[PDB]
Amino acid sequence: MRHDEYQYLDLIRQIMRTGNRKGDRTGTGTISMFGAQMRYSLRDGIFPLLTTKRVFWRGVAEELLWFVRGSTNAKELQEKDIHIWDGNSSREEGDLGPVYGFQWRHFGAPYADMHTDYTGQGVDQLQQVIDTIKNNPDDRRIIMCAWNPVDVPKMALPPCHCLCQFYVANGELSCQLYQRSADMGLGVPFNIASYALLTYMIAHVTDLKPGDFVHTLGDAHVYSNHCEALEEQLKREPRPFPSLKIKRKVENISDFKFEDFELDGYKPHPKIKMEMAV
C-alpha cells in the first residue's frame, strides 16, 4: 500500500547518496545511476501525476495531442503557451525535424519539413498498436519506436523516449517505456504523465481499462545544481494521486481534445525552482 510516488522519491534519494558524479553534454555535471524501473498503477481512474512538486499537466496533454496529430511544428505548441520545445527550435522556425509525431505516424518515410504531407508514407505505428490491441491482444510485438538511427541526425534533439510497448491481461492495458536519459528533477514527472495519459487514451478507444505504467530508465540522473531543491522536495510527503476520467465516448485515438480530460483532485505541493540544463 506504499504510495507509488515513493518509487520516484527513493530513486532521487539513491542517486544523490550513491550515484556517479560525471560531466555531461550540457557542461553542468550530473550525478547518475544506470538502470532503474518503476511501476505506477493506472487502475480505477488513478492518474500518476506527481504531487511532491506541481507537474505541467496542460503541457503533458497538449504535447501528447500534438504527437498524435503527427505534428513536428513547435509553433503549434507555442501558440498554446507551451514552450517545452523552444530551446531546441531557433530550417524554418518551429520545424523540429522528424521527432516523435513523425516517427509515431510515418516511421521510415523521408523527412522534408513540418508542412510536408506525409500521408501514406512510413509506418503508422500508433494505429498499428491500436489495431493489434483490438485484434490480437496477446501479441508480444505491440511496440511504438521513436528511436530511428537513420533520422536521429536530422532531429532537433534525439528522443529520450526510445520506445514503448503495450500488454493486455485481466481486461487491462499496460504500457512500458524505455527512457534512455532521465532528468529526475525536471523531465521525469512530466514523462510519467505523458505515457500514463497515452495508455488512458489507447485503453479508452480499445475498450480496455488502464492497468500499469512501467517506467524503465537508462541514464537516470540529477543535475548537480538541483540537489538543494531536491533535498527540499524529499522532505515532502506524497498526496493521493488525482483521478482522470474521459468525459465522452471518444471513438478513435485522433478524436481526443484537451477538454475531454477531467483531472479531478490534483493537489500538489508548490512548484520548486530548478534551472534546466542546456
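Note that residue numbering follows the sequence shown and begins at 1.
- The segment from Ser90 to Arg91 is interrupted, since 10 or more residues of the deposited sequence in that interval carry no coordinates.
- The PDB entry records a higher mean C-alpha B factor for 127-135 than for its counterpart among 127-135 and 166-174.
- The stretch with the higher mean CA B factor, choosing between 209-217 and 55-63, is 55-63.
- The residue among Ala182, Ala109, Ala193, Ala203 whose C-alpha carries the highest B-factor in the deposited model is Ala109.
- In the PDB entry, the Cα temperature factor peaks, among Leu186, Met114, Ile142, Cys145, at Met114.
- When the modelled residues of the chain are ordered by C-alpha B-factor, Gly97 sits in the highest third.
- Ranked by Cα temperature factor within the chain, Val68 sits in the middle third according to the deposited record.
- Ranked within its chain, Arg105 lands in the middle third, by CA B factor from the PDB record.
- Looking at the C-alpha B-factors along this chain, the one for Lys247 belongs to the highest third.
- In the PDB entry, a CA B factor belonging to the lowest third of its chain's modelled residues is recorded for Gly35.
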